[PDB]
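**Q** The structure under discussion is supplied below as structure tokens; questions concerning it will follow.
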Amino acid sequence: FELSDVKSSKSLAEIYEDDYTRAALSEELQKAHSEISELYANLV
Amino acid sequence: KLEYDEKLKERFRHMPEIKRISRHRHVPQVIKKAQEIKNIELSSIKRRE
Amino acid sequence: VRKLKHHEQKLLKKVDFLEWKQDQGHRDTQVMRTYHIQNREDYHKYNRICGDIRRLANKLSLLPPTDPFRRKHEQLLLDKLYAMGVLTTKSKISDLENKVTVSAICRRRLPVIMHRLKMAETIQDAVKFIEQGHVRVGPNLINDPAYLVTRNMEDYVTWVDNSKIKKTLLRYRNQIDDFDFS
Amino acid sequence: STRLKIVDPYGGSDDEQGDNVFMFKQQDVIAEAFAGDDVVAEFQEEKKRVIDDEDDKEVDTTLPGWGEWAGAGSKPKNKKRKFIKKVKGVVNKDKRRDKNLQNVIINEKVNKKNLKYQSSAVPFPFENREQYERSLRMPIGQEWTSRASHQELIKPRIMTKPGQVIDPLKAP
Amino acid sequence: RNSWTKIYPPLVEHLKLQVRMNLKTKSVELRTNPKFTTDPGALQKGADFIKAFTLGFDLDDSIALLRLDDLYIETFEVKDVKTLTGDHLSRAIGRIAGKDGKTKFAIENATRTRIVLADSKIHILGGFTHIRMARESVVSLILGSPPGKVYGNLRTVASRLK
Amino acid sequence: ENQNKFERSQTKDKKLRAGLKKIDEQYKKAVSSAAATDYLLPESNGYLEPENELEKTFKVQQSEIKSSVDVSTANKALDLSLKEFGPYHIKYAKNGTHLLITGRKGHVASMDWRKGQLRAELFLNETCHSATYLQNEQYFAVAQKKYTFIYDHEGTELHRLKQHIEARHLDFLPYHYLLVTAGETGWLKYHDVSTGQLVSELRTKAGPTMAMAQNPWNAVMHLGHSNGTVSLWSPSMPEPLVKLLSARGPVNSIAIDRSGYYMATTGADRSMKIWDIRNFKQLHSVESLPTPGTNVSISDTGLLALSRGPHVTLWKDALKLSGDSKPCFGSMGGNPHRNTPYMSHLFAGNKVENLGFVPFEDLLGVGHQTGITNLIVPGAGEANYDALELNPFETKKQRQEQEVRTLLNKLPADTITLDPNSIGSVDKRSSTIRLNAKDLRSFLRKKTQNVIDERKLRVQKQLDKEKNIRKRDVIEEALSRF
Amino acid sequence: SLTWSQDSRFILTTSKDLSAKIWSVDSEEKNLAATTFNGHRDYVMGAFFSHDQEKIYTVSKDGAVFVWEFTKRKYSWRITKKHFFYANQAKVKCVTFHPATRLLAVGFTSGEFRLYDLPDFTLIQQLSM
């Protein structure tokens with residue numbers, strides 16, 4: 001766990017709304033894989 | 001040239017950036033600090049007045 | 001303009017016409033003027049290589065060091081950079097930040113590989129030879145003097161058959177076996 | 001006009017050289033324009049939007065539930081005049097220069113960067129802006145005034161002799 | 001007064017009741033209208049909404065109490081445990097707030113709840129067992145523990161949360 | 001007699017009354033002794049007069065005017081006809097010495113023209129839209145395919161521009177050393193050519209810029225869109241400084257007098273407008289011209305020139321405030337109260353691409369499909385240049401001297417308003433009667449700072465409350481005072 | 001681009017200059033319509049007749065569709081209806097308009113194409129390549 005030190009920009013209703021809507025490993029890491037793939041292809 | 005640009009400085013001495021270039025010196029630190037505290041004393045006594 | 005005096009340089013110590021802060025300070029034209037690259041805007045390519053490999057190097061290193069995607073793209077990047085031959089020893093992993101520079105990425109060029117192979121006196125006529133089109137690498141002739149001979153092609157960058165320089169080399173050695181054309 | 005004249009080997013079957021050029025030039029088929037967007041309407045709309053972004057923008061941000069049982073019916077007796085404050089807009093409506101002119105939209109938002117080139121208050125000798133503008137209304141460099149008038153407009157008020165003693169005056 | 005424009009439409013047009021801001025005794029009174037207001041607990045939910053807002057949580061937090069009605073609001077004091085003379089009380093509230101609110105925001109993002117704290121009385125709103133988790137972490141921290149240890153304890157409680 | 005050209009548009013204190021009398025007397029004396037210089041002006045301007053009634057001024061062509069003109073001007077009347085690159089385009093330098101021509105195929109030539117000194121020719125293989133000099137012969141910019149280039153005086157490519165994503169309208173603000181670009185994307189950007197810095201990137205938000213001119217008098221840039229809007233801009237505000245509704249549809253050309261007062265503007269709906277600028281009044285319209293005139297330019301004397309593709313039409317003195325100098329096209333009904341074309345030339349089958357008046361000689365250069373042609377026009381050049389700024393007889397020494405002086409007197413980029421006489425005033429806080437004051441533990445530190453702040457707030461509130469306090473039936477009369 | 005009329009009498013020439021011009025094929029009837037529809041913001045990249053050749057659509061770069069019609073205020077060629085494509089940053093890259101079934105196919109510059117039943121301007125089908 002990371003224990004996010006910032007306040008938020010949400011509410012408890014938005015927290016429980018994301019918990020209601022969530023109900024494919026990590027999307028930021030998927031975006032990182034995609035951008036490093038594009039940059040490696042440009043380099044080659 | 002010297003009298004012409006001196007007359008230009010005299011005519012434009014109220015513009016703010018050439019005022020803040022023509023004004024400042026390297027006043028020694030003793031005189032600067034003591035004039036600063038004299039200025040805050042005079043502002044305080046004007047407030048009480 | 002006119003090698004301004006003291007009282008004019010102090011008023012304008014900022015203006016300069018022939019170089020601005022978009023060419024990274026005469027670097028492109030300086031290294032092109034010393035290293036014979038004929039097509040323009042190629043130190044953009046050289047320094048973009050030497051900055052881009054470190055860019056995606058840190059972009060690959062800040063990834064969490066457990067996933068096999070990291071090992072895959074690390075090994076592909078290192079072996080791709082080794083197979084063209086700017087890295088001599090492939091075992092270097094994270095210290096590609098400091099060594100692969102202009103002086104190494106231009107060391108794969110066919111003029112300096114020619115001069116280190118002692119096929120020419122200097123670069124000044126090595127570019128003349130490989131622009132006249134006397135020098136093949138592998139089976140096919142190569143004419144552009146910005147070619148990077150790779151690792152697996154440095155062994156076979158030799159003169160063509162039926163050329164004046166190959167003829168005069170074999171004449172001076174006096175071994176001109178004239179059955180196979182020269 | 002359009003189409004006018006090419007006589008190639010492959011082009012211009014008719015339309016040969018008319019060196020007489022009299023009583024045979026009465027076609028005059030003038031092309032006409034179109035009603036593209038009626039841009040007078042677009043210009044009046046942009047002028048109206050800028051005028052609406054003007055005129056001190058006065059806001060009726062009344063007390064929305066204070067005292068008088070707001071919400072869900074119960075329209076009470078009092079008319080809501082509680083907060084009719086006006087923000088200080090840029091120009092009033094009758095002090096712009098677009099009310100007189102036609103099809104001209106100027107916009108007079110003041111420049112934070114050209115704050116820097118005017119004095120904040122008036123100077124000490126010239127007591128108001130009319131005397132200060134009438135003071136600096138005329139330039140003195142040689143690109144805008146003559147040689148004799150320029151050498152009169154520059155000289156110091158105390159023109160001193162260069163290298164000898166200045167005695168106190170003793171005239172009467 | 002600065003949040004009154006966002007308070008009353010979830011008290012009038014979303015939720016069906018009507019409001020008055022009484023300047024007589026400086027209070028807020030809420031009626032329910034018999035003609036068209038549904039939801040016979042909406043009066044109590046809107047009352048607890050403005051109660052949380054005037055108690056000290058922010059208005060989006062109070063809207064989060066208004067919607068999703070199963071979030072309650074516990075309150076306790078510093079003075080009940082260890083009796084906390086005033087210097088130690090300053091140590092206590094500074095220790096709970098951390099530096100730039102960072103320990104309080106850590107408890108906030110960890111235990112899926114939101115707290116506010118006055119000079120001697122703190123309030124936690126959320127779901128009930130998350131209230132209990134935040135309350136035991138707060139009372140351990142106000143007994144006085146290393147913040148690294150309470151960070152590790154909140155890592156374990158966040159693992160219970162997942 | 002001439003003081004309108006040289007004009008520059010009750011008190012208590014006695015010394016200030018005398019000082020005001022001294023300064024406006026010095027104003028009057030300096031204006032009169034500046035107006036008495038055109039007696040010493042070196043030569044007089046040129047003219048072709050009708051001197052009859054049948055001898056109209058526009059039944060005169062290049063053959064007879066080149067016959068009865070000087071040999072030096074007749075040999076200035078060049079024709080650098082080139083055919084293997086496309087429809088050419090003109091820009092003379094700021095002084096009338098060097099010429100810069102541009103073909104739409106790839107050709108850019110910067111060259112002397114009164115001397116046969118071609119000093120920078122360069123072919124390319126991309127469509128070069130327009131080009132203009134920067135300050136000298138030395139640096140000249142070309143608005144190429146998708147990057148603007150600037151070039152040294154022999155032809156070495158000095159700089160590609162990383163910005164200016166494309167460009168088709170590009171010129172120079174001379175005293176500020178500014179290069180102004182407007183492209184087919186909705187942009188207008190300023191790049192200083194001394195420091196190299198970009199200055200501003202003004203998003204136009206009005207479609208592609210169809211035409212552009214420069215005001216010389218206050219260095220505002222005059223865009224003209226496809227809305228019929230003529231907007232005027234400067235890098236102070238990101239919004240357009242003013243807008244105008246000149247024509248309907250798009251406006252293909254716009255041209256400013258060198259005194260900044262008059263604007264000619266020709267649209268695509270067969271329409272021309274004449275505008276005042278300093279009052280923004282539409283002076284007079286011109287309809288009924290047969291084809292939409294693609295390029296208009298304006299002389300240094302008020303002698304404007306429409307360019308309708310095959311035709312070029314020059315009107316003399318069509319910028320007055322009257323209804324008589326409206327530029328018409330034919331004298332009908334025996335009406336000497338019109339304004340016919342002062343002269344006109346009709347090229348063969350090639351559409352004229354752009355105009356440009358030569359600065360300090362009597363000739364109008366026009367560029368078209370097959371190349372260049374200059375037209376001898378007697379009144380359309382300012383005769384008497386002023387040698388402290390522009391000089392058609394430069395040397396290397398004085399060229400470098402003017403370079404270093406203008407680089408020392410580079411006006412900063414903020415100083416271009418709608419009216420450049422407005423940098424001496426007070427800043428809209430005038431007070432004509434000026435009130436000159438004569439006639440009116442870190443928690444604990446933060447907590448004490450909040451205490452002192454709250455006390456300052458309460459003292460401020462009490463002083464304002466005291467200021468407001470200082471500046472402001474029978475039975476109840478008996479039942480008062482309780 | 002060019003488009004032909006159904007009969008061989010009129011062509012619509014759409015250009016990078018913002019005019020879309022209608023040009024007649026023979027000079028004997030040139031006085032019918034040599035007009036120049038302006039109005040689009042940036043480049044007009046198509047111009048098509050309808051089936052009954054009384055309506056002329058013109059489609060722009062930014063995504064405007066203009067319906068020119070010969071109605072009143074002699075009286076000539078006003079713009080009776082304007083449609084918008086509302087792609088975010090995908091300008092119009094190619095167009096065609098089959099008139100016999102009123103089908104307008106528009107492919108944008110981001111691999112997308114939409115296609116419309118034009119006189120009501122309903123989106124029949126939208127996808128991306």
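The chains in the structure tokens are called A, B, ... from first to last as shown; in each chain the residues are counted from 1, and the ligands are counted from 1 in the order shown.
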So which residues touch segment 380-394 of chain F within 7 Å, counting only C-alpha atoms, skipping near sequence neighbours fewer than 5 positions away, as a compact mmCIF listing (two decimals) with N, CA, C and O atoms, in the first residue's frame?

**A**
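File selection.txt, as written:
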# COMPACT_ATOMS: atom_id res chain seq x y z
N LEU F 41 14.62 71.50 -48.42
CA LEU F 41 14.40 70.17 -48.99
C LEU F 41 15.04 70.07 -50.38
O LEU F 41 14.95 71.02 -51.16
N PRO F 42 15.70 68.95 -50.70
CA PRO F 42 16.65 68.97 -51.83
C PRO F 42 16.01 69.04 -53.21
O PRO F 42 16.53 69.76 -54.07
N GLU F 43 14.93 68.31 -53.47
CA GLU F 43 14.30 68.37 -54.78
C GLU F 43 12.79 68.31 -54.63
O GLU F 43 12.26 68.12 -53.53
N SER F 44 12.09 68.47 -55.74
CA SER F 44 10.64 68.48 -55.77
C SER F 44 10.12 67.17 -56.34
O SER F 44 10.84 66.45 -57.03
N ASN F 45 8.86 66.88 -56.04
CA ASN F 45 8.26 65.63 -56.48
C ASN F 45 7.90 65.71 -57.96
O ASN F 45 8.04 66.75 -58.62
N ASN F 95 14.84 50.89 -47.08
CA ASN F 95 15.33 51.81 -48.09
C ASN F 95 15.23 51.15 -49.46
O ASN F 95 15.21 49.93 -49.58
N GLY F 96 15.18 51.97 -50.50
CA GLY F 96 14.88 51.45 -51.81
C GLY F 96 16.03 50.80 -52.56
O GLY F 96 16.07 50.85 -53.79
N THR F 97 16.97 50.18 -51.85
CA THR F 97 18.16 49.69 -52.51
C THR F 97 18.01 48.25 -53.00
O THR F 97 18.13 47.98 -54.20
N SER F 299 0.75 54.24 -52.13
CA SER F 299 2.02 54.93 -52.32
C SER F 299 2.41 55.69 -51.07
O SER F 299 1.75 55.65 -50.03
N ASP F 300 3.50 56.42 -51.18
CA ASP F 300 3.97 57.25 -50.10
C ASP F 300 3.46 58.68 -50.22
O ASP F 300 3.94 59.56 -49.50
N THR F 301 2.51 58.92 -51.12
CA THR F 301 1.99 60.25 -51.36
C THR F 301 0.46 60.21 -51.39
O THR F 301 -0.18 61.26 -51.45
N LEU F 303 -1.22 57.77 -53.45
CA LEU F 303 -1.57 57.36 -54.81
C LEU F 303 -1.75 55.85 -54.77
O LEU F 303 -0.81 55.09 -54.96
N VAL F 358 8.29 51.23 -54.99
CA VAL F 358 9.70 51.46 -54.65
C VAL F 358 9.76 52.65 -53.70
O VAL F 358 9.04 53.63 -53.92
N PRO F 359 10.54 52.57 -52.61
CA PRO F 359 10.42 53.58 -51.55
C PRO F 359 10.76 55.01 -51.96
O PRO F 359 9.94 55.91 -51.76
N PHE F 360 11.93 55.25 -52.54
CA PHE F 360 12.35 56.63 -52.75
C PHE F 360 12.64 56.93 -54.20
O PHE F 360 13.48 57.79 -54.51
N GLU F 361 11.97 56.25 -55.12
CA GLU F 361 11.99 56.61 -56.52
C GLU F 361 10.57 56.57 -57.05
O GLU F 361 9.64 56.14 -56.36
N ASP F 362 10.39 57.03 -58.28
CA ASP F 362 9.05 57.18 -58.84
C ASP F 362 8.61 55.94 -59.60
O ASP F 362 8.17 56.05 -60.75
N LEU F 363 8.67 54.75 -59.01
CA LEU F 363 8.24 53.59 -59.78
C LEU F 363 7.60 52.55 -58.88
O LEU F 363 7.94 52.39 -57.71
N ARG F 399 26.48 51.45 -42.77
CA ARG F 399 25.52 50.37 -42.59
C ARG F 399 25.72 49.69 -41.24
O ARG F 399 24.75 49.45 -40.50

**Q** Please provide the set of residues having any atom within 10 Å of residue 231 of chain F, restricted to only C-alpha atoms, with same-chain residues fewer than 4 positions apart removed, written as a VMD selection string.

**A** (chain D and resid 104 to 106) or (chain F and resid 204 206 212 220 to 225 239 to 246)

**Q** Near residue 291 of chain F, counting only C-alpha atoms, which residues have an atom at most 10 Å away, once you skip same-chain residues fewer than 4 positions from it, shown as a list in words?

**A**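 Here the answer would be residues 1, 2, 30, 31 and 32 of chain D; 268, 269, 270, 271, 307, 308, 309, 310 and 311 of chain F.
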
**Q** Based on the selection just made, write C-alpha atoms of those residues as a compact mmCIF listing (two decimals), in the first residue's frame.

**A**
# COMPACT_ATOMS: atom_id res chain seq x y z
CA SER D 1 -12.87 39.04 -66.39
CA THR D 2 -12.70 35.25 -66.13
CA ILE D 30 -20.76 39.76 -65.01
CA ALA D 31 -20.53 37.11 -62.31
CA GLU D 32 -22.28 37.68 -59.00
CA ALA F 268 -13.63 39.08 -52.54
CA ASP F 269 -17.18 40.33 -53.18
CA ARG F 270 -15.96 42.88 -55.77
CA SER F 271 -15.68 45.58 -53.13
CA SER F 307 -4.45 45.12 -58.92
CA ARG F 308 -7.32 43.17 -60.47
CA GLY F 309 -5.17 40.41 -61.98
CA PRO F 310 -4.70 41.61 -65.54
CA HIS F 311 -5.16 45.28 -64.67

**Q** Based on DSSP run over this structure's backbone, return all residues of chain A in alpha helix (DSSP H), as a count of residues only.

**A** 28

**Q** Would you mind listing what lies within 8 Å of segment 123-132 of chain D as a list in words, with only C-alpha atoms counted and same-chain residues fewer than 5 positions away left out?

**A**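 Listing them by chain and then by number gives residues 14 of chain B; 16, 20, 425, 426, 430, 431, 432, 433 and 434 of chain F.
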
**Q** Filtering to C-alpha atoms, could you give me those residues as a JSON list (two decimals), in the first residue's frame?

**A**
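Okay, this is what ended up in out00.json:
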[["chain", "number", "residue", "atom", "x", "y", "z"],
["B", 14, "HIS", "CA", 9.21, 60.46, -13.33],
["F", 16, "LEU", "CA", 3.72, 77.38, -13.33],
["F", 20, "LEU", "CA", 3.48, 76.72, -19.30],
["F", 425, "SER", "CA", 0.93, 60.22, -19.59],
["F", 426, "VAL", "CA", -0.25, 59.45, -16.11],
["F", 430, "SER", "CA", -5.18, 61.58, -12.88],
["F", 431, "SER", "CA", -6.75, 63.66, -10.07],
["F", 432, "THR", "CA", -6.49, 67.02, -11.84],
["F", 433, "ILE", "CA", -6.96, 68.42, -8.37],
["F", 434, "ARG", "CA", -4.19, 66.30, -6.82]]

**Q** Report, in Å to a single decimal, how far apart atom CA of residue 249 of chain F and atom CA of residue 280 of chain F are.

**A**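 Between these atoms lies a distance of 20.0 Å.
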
**Q** Counting only C-alpha atoms, a student should be able to say which residues of chain F come within 7 Å of chain C; what is the right answer, written as JSON, numbers by chain?

**A** {"F": [158, 194, 195, 196, 400]}

**Q** Work out how far atom CA of residue 31 of chain F is from atom CA of residue 2 of chain F, in Å to one decimal.

**A**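 Interatomic distance here is 10.0 Å.
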
**Q** May I ask you to extract the residues of chain E within 12 Å of chain D, using only C-alpha atoms, and to give them as an MDAnalysis selection string?

**A** chainID E and resid 1:37

**Q** Give me the residues near residue 57 of chain E as a short mmCIF file (atom, residue, chain, number, x, y, z; two decimals) with N, CA, C and O atoms, in the first residue's frame, where near means some atom within 12 Å (using only C-alpha atoms) and where sequence neighbours in that chain fewer than 5 positions away do not count.

**A**
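Generated output (around13.cif):
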data_model
loop_
_atom_site.label_atom_id
_atom_site.label_comp_id
_atom_site.auth_asym_id
_atom_site.auth_seq_id
_atom_site.Cartn_x
_atom_site.Cartn_y
_atom_site.Cartn_z
N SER A 11 -15.14 13.21 -2.44
CA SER A 11 -15.87 13.14 -1.19
C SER A 11 -15.94 11.69 -0.76
O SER A 11 -15.45 10.80 -1.46
N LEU A 12 -16.57 11.43 0.39
CA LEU A 12 -16.83 10.05 0.77
C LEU A 12 -17.81 9.39 -0.18
O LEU A 12 -17.71 8.19 -0.45
N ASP E 48 -29.27 16.04 9.71
CA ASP E 48 -27.94 15.54 10.02
C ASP E 48 -26.91 16.07 9.02
O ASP E 48 -25.73 16.22 9.37
N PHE E 49 -27.35 16.39 7.80
CA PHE E 49 -26.50 17.03 6.80
C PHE E 49 -25.99 18.39 7.29
O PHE E 49 -24.77 18.62 7.39
N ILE E 50 -26.92 19.29 7.64
CA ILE E 50 -26.47 20.59 8.13
C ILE E 50 -25.83 20.49 9.50
O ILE E 50 -25.02 21.34 9.86
N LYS E 51 -26.12 19.43 10.26
CA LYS E 51 -25.47 19.24 11.55
C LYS E 51 -24.00 18.88 11.38
O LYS E 51 -23.15 19.40 12.10
N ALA E 52 -23.69 18.02 10.41
CA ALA E 52 -22.30 17.70 10.13
C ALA E 52 -21.56 18.92 9.58
O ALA E 52 -20.40 19.16 9.93
N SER E 62 -20.40 16.70 3.91
CA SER E 62 -21.75 16.68 4.45
C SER E 62 -22.74 16.19 3.39
O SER E 62 -23.70 15.49 3.73
N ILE E 63 -22.50 16.53 2.12
CA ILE E 63 -23.31 15.96 1.03
C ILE E 63 -23.10 14.46 0.95
O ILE E 63 -24.04 13.69 0.68
N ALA E 64 -21.88 14.00 1.24
CA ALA E 64 -21.62 12.57 1.33
C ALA E 64 -22.30 11.93 2.53
O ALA E 64 -22.47 10.71 2.55
N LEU E 65 -22.63 12.71 3.56
CA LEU E 65 -23.50 12.19 4.61
C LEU E 65 -24.97 12.21 4.18
O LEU E 65 -25.75 11.37 4.63
N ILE E 73 -21.69 9.59 12.39
CA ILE E 73 -20.77 10.66 12.78
C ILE E 73 -20.47 10.59 14.28
O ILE E 73 -21.25 11.02 15.12
N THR E 113 -12.76 7.15 5.70
CA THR E 113 -13.57 8.03 6.52
C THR E 113 -12.96 9.41 6.50
O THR E 113 -11.88 9.61 5.94
N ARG E 114 -13.62 10.37 7.14
CA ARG E 114 -13.10 11.74 7.12
C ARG E 114 -13.26 12.34 8.51
O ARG E 114 -14.32 12.22 9.13
N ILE E 115 -12.19 12.96 9.01
CA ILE E 115 -12.21 13.46 10.37
C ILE E 115 -12.05 14.97 10.33
O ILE E 115 -11.60 15.55 9.34
N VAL E 116 -12.49 15.61 11.41
CA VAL E 116 -12.17 17.00 11.69
C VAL E 116 -11.92 17.06 13.19
O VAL E 116 -12.33 16.17 13.94
N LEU E 117 -11.18 18.07 13.62
CA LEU E 117 -10.77 18.10 15.01
C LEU E 117 -10.67 19.53 15.50
O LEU E 117 -9.96 20.35 14.92
N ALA E 118 -11.43 19.83 16.55
CA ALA E 118 -11.38 21.12 17.21
C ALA E 118 -10.22 21.13 18.21
O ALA E 118 -9.33 20.28 18.15
N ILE E 122 -12.80 15.90 18.83
CA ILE E 122 -12.65 15.51 17.43
C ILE E 122 -13.88 14.72 17.00
O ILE E 122 -14.63 14.17 17.82
N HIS E 123 -14.08 14.67 15.69
CA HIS E 123 -15.26 14.09 15.07
C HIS E 123 -14.81 13.29 13.85
O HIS E 123 -13.98 13.76 13.07
N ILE E 124 -15.37 12.09 13.70
CA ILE E 124 -15.07 11.20 12.58
C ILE E 124 -16.38 10.81 11.93
O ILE E 124 -17.27 10.29 12.61
N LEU E 125 -16.52 11.02 10.61
CA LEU E 125 -17.71 10.52 9.93
C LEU E 125 -17.32 9.48 8.90
O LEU E 125 -16.25 9.54 8.29
N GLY E 126 -18.22 8.52 8.71
CA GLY E 126 -18.00 7.43 7.78
C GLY E 126 -18.94 6.28 8.08
O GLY E 126 -20.02 6.47 8.62
#

**Q** For residue 118 of chain D, please output as an NGL selection string all residues within 8 Å (counting only C-alpha atoms; exclusion window: fewer than 6 positions along the same chain).

**A** (:B and (15-16)) or (:F and (423-427))

**Q** For residue 22 of chain B, please output as a list in words all residues within 10 Å (counting only C-alpha atoms; exclusion window: fewer than 5 positions along the same chain).

**A**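 Listed by chain and then number, they are residues 9, 13, 16 and 17 of chain B.
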
**Q** Grab the residues selected above and save them as a short mmCIF file (atom, residue, chain, number, x, y, z; two decimals), in the first residue's frame with N, CA and C atoms.

**A**
data_model
loop_
_atom_site.label_atom_id
_atom_site.label_comp_id
_atom_site.auth_asym_id
_atom_site.auth_seq_id
_atom_site.Cartn_x
_atom_site.Cartn_y
_atom_site.Cartn_z
N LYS B 9 16.94 62.73 -19.61
CA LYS B 9 16.79 62.18 -18.27
C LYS B 9 16.03 63.14 -17.36
N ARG B 13 12.39 61.90 -15.79
CA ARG B 13 12.75 61.40 -14.47
C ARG B 13 11.59 60.83 -13.65
N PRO B 16 8.74 55.12 -14.00
CA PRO B 16 9.07 54.33 -12.81
C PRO B 16 10.31 53.48 -12.96
N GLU B 17 10.57 52.91 -14.14
CA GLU B 17 11.74 52.05 -14.22
C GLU B 17 13.03 52.84 -14.35
#

**Q** Any idea which chain G residues end up within 7 Å of chain D if we count only C-alpha atoms, as a list in words please?

**A**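 Result: residues 31, 34, 35, 36, 37, 38, 39, 77 and 78 of chain G.
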